[PDB]
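A.B. asks: I have a structure I would like to understand better, so I am pasting it below and will then ask my questions one at a time.
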Amino acid sequence: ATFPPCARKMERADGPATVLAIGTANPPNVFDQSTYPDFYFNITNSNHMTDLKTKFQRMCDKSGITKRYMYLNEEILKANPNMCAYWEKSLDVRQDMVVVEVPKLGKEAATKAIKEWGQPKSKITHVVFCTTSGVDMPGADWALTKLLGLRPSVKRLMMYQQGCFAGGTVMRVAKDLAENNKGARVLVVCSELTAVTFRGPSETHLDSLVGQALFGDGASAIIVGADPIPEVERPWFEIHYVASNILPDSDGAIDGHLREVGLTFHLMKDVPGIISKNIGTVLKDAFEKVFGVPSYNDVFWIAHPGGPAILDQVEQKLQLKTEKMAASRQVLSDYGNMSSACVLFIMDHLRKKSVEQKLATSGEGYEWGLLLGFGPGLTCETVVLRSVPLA
Amino acid sequence: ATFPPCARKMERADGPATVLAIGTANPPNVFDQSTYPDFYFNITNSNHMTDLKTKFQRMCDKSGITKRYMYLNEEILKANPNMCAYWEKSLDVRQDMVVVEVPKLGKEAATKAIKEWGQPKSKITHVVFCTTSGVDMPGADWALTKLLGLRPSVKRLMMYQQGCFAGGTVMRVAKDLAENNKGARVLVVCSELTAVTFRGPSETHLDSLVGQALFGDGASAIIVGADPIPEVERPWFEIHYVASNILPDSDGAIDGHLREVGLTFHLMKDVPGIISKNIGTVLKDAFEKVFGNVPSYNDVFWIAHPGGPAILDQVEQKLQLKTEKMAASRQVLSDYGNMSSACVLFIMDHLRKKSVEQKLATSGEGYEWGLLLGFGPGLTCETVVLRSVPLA
Ligand SMILES: CC(C)(COP(=O)(O)OP(=O)(O)OC[C@H]1O[C@@H](n2cnc3c(N)ncnc32)[C@H](O)[C@@H]1OP(=O)(O)O)[C@@H](O)C(=O)NCCC(=O)NCCS
Ligand SMILES: O=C1C[C@@H](c2ccc(O)cc2)Oc2cc(O)cc(O)c21
Ligand SMILES: O=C1C[C@@H](c2ccc(O)cc2)Oc2cc(O)cc(O)c21
């Protein structure tokens, strides 16, 4: 039923896929969260909706967010009344922005990672581009290739309308790309901008208002490869296990639609409840596979900060000690919810802080760790990581 | 710099990624190409555009297409005048159709693939869903998973807004999922519906008119795995080499923009020209990596994305292929039109079946080796080197 087998025509690698560099970028406009409700109701000309703004100030005060970064600013929003409305035909001006600026922010994040990596751009064999912010043909993967001047034969994978869990997905994608191809070096870019999602307030769409309180802009970039070249490339985290779960009883929990008015956000179930009710089973299953067993307090944690109640309720249900989510909270406070890019920001802070505090390893002390993405399905992406030792 | 190595935690497979099953599906409405211009100019209130209709009749006549299948029909279009115009805000009505109908049609093709495969669907470990028709959150990958009742823990990969080259991308994607994961069985689904792209004619955007003559609807699905179970699973094609290339001097050749008027289609360079000048360089590099320092193009089987007949004609001319090589590619174009990322899988299925039918030596018309090519925006050329299986 088969011709006689031949050796793998495209050689594969032997070690684990390894993070060799991380770079991050954010748009230049900074928004204090504690005064953001004033700005938001000013720029949306909705100061007559008194009770709604009180509701929004509470949302912002309870977000665990201190500041956010956005491509949008006061000048740009005055120029587009249709994006300041809650529900006006927009998509076209929104697309005109994000199809340009999402590859641009990704390039700034990627240039940093390429620079830290140290190798020539020409060594990049694969490009994985992940966003939730607009679509186009050719995609932001093609645009990033041109902007960076990678070789025209890079193998690309364009991930559009992904959502918050895709920071975990890209790790699972790059794992197989890196491990199945000897010498493959994968450029992974997550890049998100709220220009598709910013909109005016409505008294009957309070979940849309939660989104206005939480979503920020940012781009993160990693170089993934297996078999790092000793004393030339420098490892930081190893990918050893990945898993995907549609959580029980979660149908319709989070929906997002791309419409003539832009991208709309819909909350319809207790998202922190469903995650925290089911996270025990998922991680226990992963740990049996990887180990078959360290404590949850003895591994490092990169958890997507969908919002603070997620991190809070996982922490309680699993009875974690409060430093386990500290790095994930650090990014949420410093940046807000940047959809897919969040976890890669958290990974970078983890390593930087572990180095700077002169700890044993890249993951704040521990040999093993977790990276968790959450979003729409309701989808939980699971990554078991190993760190590297340090001085 | 590293912790002590440990054995790979997730076992890998050893053989090549193999196609184990193919199924396809189309919407139920058939449109004869020869009289399609009469239907199209009438439904878009364009009967007065007398010379434009004569041009469109020529496009249809020279299209190499006999018929297409479409989810759209007469009743659906009359219910949506904003779609029968050239440039009205529609995207919402277009999304309402395709976010439901794309996973639906893919479900149809996937059930056929799974039935041929013969294994329990619970043994599917990965889902790759590929489309250029609509986007949604959660995606068509999620909806397909629910419709089929696959395991809740499948590893899903959602590929939106891909374009015509993506039939080769999913093969490339599926190669690494299957090979790096022992026991992985990947369901790959490409599902395309013209409801995103249909629009009335304009005398000044004849490239938009070109799309209206060529694009059809369809979905195709494959089961891809490595290390097949002897006597249980049946290999049909192996994936041995994958390559990707942005062709030189091709910026702007094919653009597609998702707007408030829906998906718009633009052609601003000689696309069959650019592909045919460069395909030799592309295929020569792939063959040198597979075979060293090498069969002739006439001695392999061809699965070429039929973006239009001029592409197949100009690759046939410049590479001096005998005319039989593109025949399978042209048969699918004839019977279905250009189904974006779904076509090549339709051509793959057609190839195997007529090889079995005519009792040829292999599943790729008696050749051992062959190509699957996808052409699209970028200009992106995706290259796959396949091996067939022998036949009794
Ligand atoms: C060329 C093709 C569009 C139609 O067949 P064709 O026989 O070449 O048409 P001919 O050139 O013989 O006929 C000429 C008329 O057709 C129309 N036409 C054909 N291709 C056209 C194009 N790219 N743009 C505009 N008009 C076109 C024109 O109106 C032309 O007359 P013009 O002088 O007014 O432009 C088709 O076979 C093809 O493959 N074209 C490009 C491939 C493609 O479309 N790829 C889709 C990719 S995802
Ligand atoms: O509606 C949006 C906005 C989007 C987004 C966030 C940050 C950013 O920078 C750009 C886009 O994030 C989301 C993530 C989801 O899981 C579901 C959603 O509906 C959305
Ligand atoms: O504009 C379209 C239509 C789309 C399409 C075709 C058939 C179908 O059934 C659904 C969508 O295919 C494309 C493929 C491209 O590379 C570029 C494009 O602009 C387009």
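Those protein sequence lines, which keep their order, are chains A and B.
Under our numbering, residues 1 to 391 are what the first sequence spells out, in order.
Under our numbering, residues 1001 to 1392 are what the second sequence spells out, in order.
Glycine included, C-beta positions come from ideal geometry on N, C-alpha and C.
Could you please give the first and the last residue of the uninterrupted beta strand (DSSP E) stretch that includes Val384 of chain A?
C.D. replies: Counting along the chain, the beta strand (DSSP E) containing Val384 of chain A begins and ends at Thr379 to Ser387.
A.B. asks: Name the chain B residues that come within less than 8 Å of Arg386 of chain A, Cβ to Cβ?
C.D. replies: In chain order: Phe1003.
A.B. asks: Can you grab the Cα-Cα spacing for the pair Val1389 of chain B / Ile1022 of chain B, in whole Å?
C.D. replies: Computed Cα separation, rounded: 15 Å.
A.B. asks: Write down the C-beta distance between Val224 of chain A and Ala178 of chain A rounded to the nearest angstrom, noting that I regard them as a contact closer than 8 Å.
C.D. replies: With a Cβ gap of about 5 Å, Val224 of chain A and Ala178 of chain A count as contacting.
A.B. asks: In this structure, does DSSP put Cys1343 of chain B in helix, strand or coil?
C.D. replies: If DSSP states are grouped into helix, strand and coil, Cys1343 of chain B belongs with the helices.
A.B. asks: With a threshold of 8 Å (Cβ to nearest heavy atom), would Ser122 of chain A be considered close to ligand 2?
C.D. replies: No, Cβ of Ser122 of chain A sits at least 8 Å from all heavy atoms of ligand 2.
A.B. asks: Interface residues of chain A around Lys1089 of chain B at Cβ under 8 Å?
C.D. replies: Result: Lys89 and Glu260.
A.B. asks: In the DSSP output, which residue or residues are listed as bridge partners for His126 of chain A?
C.D. replies: In the DSSP output, where bridge partners are listed per residue, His126 of chain A has A:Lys155 and A:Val186.
A.B. asks: Assuming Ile246 of chain A contacts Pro1152 of chain B (C-beta within less than 8 Å), just tell me the rounded distance between them.
C.D. replies: With 8 Å as the limit, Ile246 of chain A and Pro1152 of chain B qualify as a contact, their Cβ atoms being about 4 Å apart.
A.B. asks: Tell me which residues of the region 1134-1152 of chain B have at least one Cβ-Cβ distance to chain A shorter than 8 Å, keeping chain order.
C.D. replies: Residues passing the 8 Å Cβ filter: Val1135, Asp1136, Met1137, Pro1138, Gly1139, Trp1142, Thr1145, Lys1146 and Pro1152.
A.B. asks: Can you tell me whether DSSP reads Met1083 of chain B as helix, strand or coil?
C.D. replies: Note: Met1083 of chain B maps to helix in three-state DSSP.
A.B. asks: What does a CB cutoff of less than 7 Å around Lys155 of chain A pick up in its chain, not counting 5 residues either side in sequence?
C.D. replies: For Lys155 of chain A, where only same-chain residues beyond five positions count, the Cβ hits under 7 Å are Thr125 and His126.
A.B. asks: On a CA-only basis, which of B:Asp1255, B:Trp1087, B:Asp1251 and B:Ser1329 is nearest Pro1201 of chain B? Give me that one, please.
C.D. replies: The residue with the shortest Cα to Cα distance from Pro1201 of chain B is B:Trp1087.
A.B. asks: Could you tell me whether the Cβ atoms of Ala1226 of chain B and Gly1015 of chain B are closer together than 9 Å?
C.D. replies: Yes, Cβ-Cβ distance for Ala1226 of chain B and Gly1015 of chain B is below 9 Å.
A.B. asks: Excluding the 5 residues flanking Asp207 of chain A on each side, which residues of the same chain have their C-beta closer than 7 Å to its C-beta?
C.D. replies: For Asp207 of chain A, where only same-chain residues beyond five positions count, the Cβ hits under 7 Å are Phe265, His266 and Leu267.
A.B. asks: Give the single residue among A:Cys164, A:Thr145 and A:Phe291 whose Cα lies nearest to the Cα of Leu157 of chain A.
C.D. replies: Selected option, being the one with the closest Cα: A:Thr145.
A.B. asks: Which residue wins for smallest C-alpha separation from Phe300 of chain A, given the options A:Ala327, A:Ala17, A:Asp251 and A:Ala13?
C.D. replies: Closest by alpha carbon: A:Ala327.
A.B. asks: Could you run through the region 177-206 of chain A and flag, in chain order, every residue whose CB is less than 8 Å away from some CB of chain B?
C.D. replies: Of all residues in the region 177-206 of chain A, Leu177, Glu179, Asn180 and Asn181 have a Cβ within less than 8 Å of some Cβ in chain B.
A.B. asks: Taking the continuous beta strand (DSSP E) assigned at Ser220 of chain A, which residues delimit it?
C.D. replies: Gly218 to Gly225 is the extent of the beta strand (DSSP E) around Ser220 of chain A.
A.B. asks: Tell me which same chain residues have a C-beta within less than 7 Å of the C-beta of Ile222 of chain A, skipping the five on either side of it?
C.D. replies: Taken in chain order, the residues that qualify are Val19, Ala21, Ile22, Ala113, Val188 and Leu344.
A.B. asks: Short check: CB of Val1102 of chain B to CB of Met1171 of chain B, under 9 Å?
C.D. replies: Cβ distance not < 9 Å, so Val1102 of chain B and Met1171 of chain B don't count as in contact.
A.B. asks: Compile a chain-ordered list of the residues in the region 1333-1357 of chain B whose CB is closer than 9 Å to at least one CB of chain A.
C.D. replies: Taking 9 Å as the Cβ-Cβ cut-off against chain A, none of the residues of the region 1333-1357 of chain B qualify.
A.B. asks: Write down the C-beta distance between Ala143 of chain A and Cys190 of chain A rounded to the nearest angstrom, noting that I regard them as a contact closer than 8 Å.
C.D. replies: Wrong, their Cβ atoms sit about 15 Å apart, outside the cutoff.
A.B. asks: State yes or no: is the C-beta of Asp217 of chain A within less than 9 Å of the C-beta of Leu105 of chain A?
C.D. replies: Taking 9 Å as the Cβ cut-off, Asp217 of chain A and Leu105 of chain A qualify as a contacting pair.
A.B. asks: Under 9 Å, Cβ to Cβ, is there at least one residue of chain A near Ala1327 of chain B?
C.D. replies: So, not an interface residue.
A.B. asks: Work out the CA separation of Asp334 of chain A and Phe287 of chain A for me, nearest whole Å.
C.D. replies: Cα-Cα distance, rounded: 31 Å.
A.B. asks: When you compare only the Cα positions, how much space is there between residue 465 of chain A and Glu233 of chain A?
C.D. replies: Residue 465 of chain A is absent from the model: chain A starts at 1 and stops at 391.
A.B. asks: Mind checking the region 240-258 of chain A against chain B and listing, in chain order, the residues whose C-beta falls within less than 9 Å of any C-beta there?
C.D. replies: So the close ones are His240, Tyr241, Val242, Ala243, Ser244, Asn245, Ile246, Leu247, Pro248, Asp251, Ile254, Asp255, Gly256, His257 and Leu258.
A.B. asks: Can you pull the chain A neighbours of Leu1157 of chain B, defined as C-beta to C-beta under 9 Å?
C.D. replies: The contacting residues are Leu157, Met159, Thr169, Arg172 and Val173.
A.B. asks: For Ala109 of chain A, which three-state DSSP category applies?
C.D. replies: If DSSP states are grouped into helix, strand and coil, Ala109 of chain A belongs with the helices.
A.B. asks: Counting C-beta neighbours from all protein chains within 10 Å, is the total for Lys1322 of chain B 16 or more, i.e. buried, or is it exposed?
C.D. replies: So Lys1322 of chain B counts as exposed.
A.B. asks: Tell me whether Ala1 of chain A sits in a helix, a strand or coil according to DSSP, three-state version.
C.D. replies: In this structure, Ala1 of chain A counts as coil in the three-state DSSP scheme.
A.B. asks: Could you list which residues in chain A have their beta carbon closer than 9 Å to that of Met1083 of chain B, in chain order?
C.D. replies: Residues of chain A passing the Cβ test: none, with the nearest at roughly 13 Å.
A.B. asks: Thinking C-beta only, is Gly252 of chain A closer than 9 Å to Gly163 of chain A?
C.D. replies: No. Outside cutoff.
A.B. asks: Thinking just about the alpha-carbon of each residue, which of A:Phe41, A:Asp61 and A:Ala7 is nearest to the one in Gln33 of chain A?
C.D. replies: Closest option to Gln33 of chain A, Cα to Cα, is A:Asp61.
A.B. asks: Decide if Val261 of chain A is buried, meaning its Cβ has at least 16 other Cβ atoms within 10 Å, or exposed.
C.D. replies: When all chains shown are included, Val261 of chain A counts as buried.
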